[PDB]
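Quick heads-up: it's one chain on its own, the form deposited without the partner chain, in structure tokens.
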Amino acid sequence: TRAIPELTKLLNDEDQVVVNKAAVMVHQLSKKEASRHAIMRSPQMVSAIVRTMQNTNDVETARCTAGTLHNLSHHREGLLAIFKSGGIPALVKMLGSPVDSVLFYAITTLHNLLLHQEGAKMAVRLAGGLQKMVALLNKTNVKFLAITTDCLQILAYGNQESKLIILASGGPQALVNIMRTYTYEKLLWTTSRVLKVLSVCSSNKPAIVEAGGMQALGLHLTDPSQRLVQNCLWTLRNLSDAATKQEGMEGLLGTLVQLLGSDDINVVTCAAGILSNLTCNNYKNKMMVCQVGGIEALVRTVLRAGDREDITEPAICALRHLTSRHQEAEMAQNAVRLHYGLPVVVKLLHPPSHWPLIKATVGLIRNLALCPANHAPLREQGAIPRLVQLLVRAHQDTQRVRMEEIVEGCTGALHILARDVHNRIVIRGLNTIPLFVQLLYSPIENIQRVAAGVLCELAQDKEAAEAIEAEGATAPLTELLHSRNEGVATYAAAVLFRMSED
């Protein structure tokens, strides 16, 4: 307490020579916690240590002053002393220091602040800490990297403000690199946490993808660390959502198709969800995923899934995606069948199944139906029946995942299946012409199209054709000829025509 006012003067002395002196003593005196508390409880002393550290030009003076603050850091009260002495901006400024001794005390002190000092993370942002820190992500000391990224995570968590700043500083690229370079699991984990926190940000998300992070993330999906894999999966989850077709996605897709067989049912679900996202409208990802044996893996995930819609929805969507509009699609449809998916798929159409899933399944059935080799098998499973059953009920909840979609779904599915002469025997057996004819009136062009299509396939027989004619099909169809939508107008015609020659 006595040499305190005195030392304080020495640290605020004019020449570095004399300061150096005060610094070394203070630092030293900074170890026996008895003297520690005295130093921490003096606003003058603390404030000088601060000042000197940022202004001194003598490394020994810098490290000692920095180390002293570091030692004060271990005490909740010290943290307070530092906070009220401009300490934070000071420590931030030191994040630019070329010497590691200094760079270390600095970051590590700002960490203990961010972990226990209220008002700290504000102070750190306002001082430009986020940037200096993101720049530091270029250093190679793993434990340094680990402390640093955690600072980022402590600052970014629930603060869009901080996230944006991180992005402007090149955060995405920096973190991705770390995930691609280091093995040290603590670092990998922390970094992946910062990326999860950023992947929810409408702004950051795209950059993370650009930076080839989805690919990077995939290098850890099978890591012994469970805490690591989870953060990667949830991050890939938010990212896979919407994305600009990247490249090299071969490796990741492959690794995802692989996790589909995990022993952990919680891993299989995310791999499933991430594959649905990665394929939703992508003839490129669809191509690769199919060839990595994905169709087989998805179907297999399904059978195993049972009535766990948690797993079945993403899995079915994935298949619906994988069986349409692409080179490999005409083969994926046969695939689903050769691996006994047909049975389990039609099964998912009946309860307990809930809407968002059924919709996807009707979707899958319409595609699998494109392929003739499924027409028979699907009938044999009783798809036509449950399809009309659903249709009729959706339609009645639009007169009495919205119901109008189920209507367009079962009709569009029946329209395809309606391609097999036998499936017409059945469709026409369930006495469904009056409903299809009525659907012509549906305010929705797409419903008309597929309704006109179902009728066109059926009108393929002078028999049904007149059954369609007798149910008042003509007025709605003629008034359906001028529909601005060509597909609708065309079907309308094929029918008007088919029920003629009298």
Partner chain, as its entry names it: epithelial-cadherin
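Throughout, rigid core stands for the largest set of C-alpha atoms superposing within 1.5 Å between the two forms. Numbering follows the first chain given and starts at 1.
Between 459 to 467 and 64 to 72, it is 459 to 467 that carries the larger average Cα temperature factor according to the deposited entry.
Of the two segments examined, 35 to 43 and 22 to 30, it is 35 to 43 that shows the higher average Cα temperature factor in the deposited entry.
Comparing the listed residues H111, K132, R308, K186, the entry records the largest Cα B-factor for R308. When the Cα B-factors of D150, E210, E250, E408 are read from the PDB record, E250 comes out highest. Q396: CA B factor lies in the highest third for its chain, per the PDB record.
Per the PDB record, residue ranking by Cα B-factor puts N285 in the highest third of the chain.
In the deposited entry, the Cα temperature factor of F83 places it in the lowest third of its chain's modelled residues. Sorting the modelled residues of the chain by their CA temperature factor places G158 in the lowest third.
Among the modelled residues of its chain, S276 has a C-alpha B-factor that falls in the middle third according to the deposited record.
There is another form of this protein, the form deposited with the partner chain bound, and it is not shown here; the text below is about that form.
In terms of contact with the partner chain in the bound PDB entry, the residue from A62, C456, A473, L439 that brings a heavy atom within 4.5 Å is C456. Proximity to the partner chain in the bound PDB entry, taken as a non-hydrogen atom within 4.5 angstroms, holds for one residue of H354, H116, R393, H422, which is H116.
The closest non-hydrogen atom of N374 lies beyond 4.5 Å of the partner chain in the bound PDB entry.
Although the partner is absent here, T361 sits far enough away that none of its heavy atoms falls within 4.5 Å of the partner chain in the bound PDB entry. Not displayed here, the partner chain is approached by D241 to within 4.5 Å at the level of heavy atoms in the bound PDB entry.
Contact between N431 and the partner chain in the bound PDB entry is not found at the 4.5 Å heavy atom cutoff. Residues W189, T190, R193, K196, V197, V200, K205 are the members of 189 to 213 with a non-hydrogen atom no more than 4.5 angstroms from the partner chain in the bound PDB entry. If you fit the rigid core between the shown form and the other one, you'll see the Cα of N12 move by 2 angstroms or more.
When the rigid core is held fixed, the Cα atom of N374 travels less than 2 angstroms between the shown form and the other one.
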